[PDB]
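Next come the chains, spelled out residue by residue.
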Amino acid sequence: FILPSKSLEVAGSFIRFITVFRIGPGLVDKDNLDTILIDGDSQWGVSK
Amino acid sequence: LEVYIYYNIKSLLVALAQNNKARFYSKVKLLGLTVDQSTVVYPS
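Residues numbered from 1 in each chain as written, not as in the entry; some residues may be left out. Chains lettered and ligands numbered in written order. Part of a larger assembly, values for the part shown. Heavy atoms only, no water.

- The deposited coordinates derive from cryo-EM, with the record listing a resolution of 3.6 Å.

- Naming follows the PDB entry, where chain B appears as RNA-directed RNA polymerase L of Hantaan virus 76-118.
- Readers searching the PDB will find this entry under the title "Hantaan virus polymerase in hexameric state".

- Going by what the PDB entry lists, chain A is known as RNA-directed RNA polymerase L and is assigned to Hantaan virus 76-118.

### Focus on a nonpolar patch on the surface
Residue and element names in this part refer to chain B.
Next up, step 1: On the surface, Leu1, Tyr4, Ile5, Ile9, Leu12, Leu13, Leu16, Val40 and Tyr42 cluster together into a nonpolar patch covering about 940 Å² of accessible area.
Next up, step 2: Inspection of the secondary structure puts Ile9 in helix α1 (residues 2-18).
Next up, step 3: You can call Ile9 partly exposed: its relative accessible area is 44%. (Patch = residues over 30% accessible without salt bridge, like charges linked within 9 Å, V, L, I, M, F, W, Y side chains within 5 Å. Areas by Shrake-Rupley, 256 points an atom, 1.4 Å probe, with all protein chains shown as cover. Salt bridge = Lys/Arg side-chain N within 4 Å of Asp/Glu carboxyl O. Helix = DSSP H or I, 4+ residues; strand = E, 2+ residues; numbered from the N terminus. Buried < 20%, exposed > 50% of the residue type's maximum accessible area, 1.4 Å probe, protein only.)

Pasting the structure below:
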């Protein structure tokens with residue numbers, strides 16, 4: 001999810017996004033996750 | 001050989017114990033009743 005932000009054409013601008021992924025092996029950091037939404041047997045960790 | 005086996009055991013045990021930080025409650029059917037279990041890799 002890509003939130004609105006100032007464009008990167010102008011210096012000193014940041015683009016803001018949220019990643020929502022099914023929990024699994026790989027690059028996942030449960031402590032730094034915003035929350036871990038849960039489904040039946042399947043998780044979906046959303047990042048800050 | 002003993003040091004190699006110790007190193008493998010230490011890595012395996014730490015990896016197995018690390019899986020207990022991601023324990024979440026689900027719903028599964030044991031026998032004939034749907035109960036709230038607590039689930040959590042298992043490297044060879």
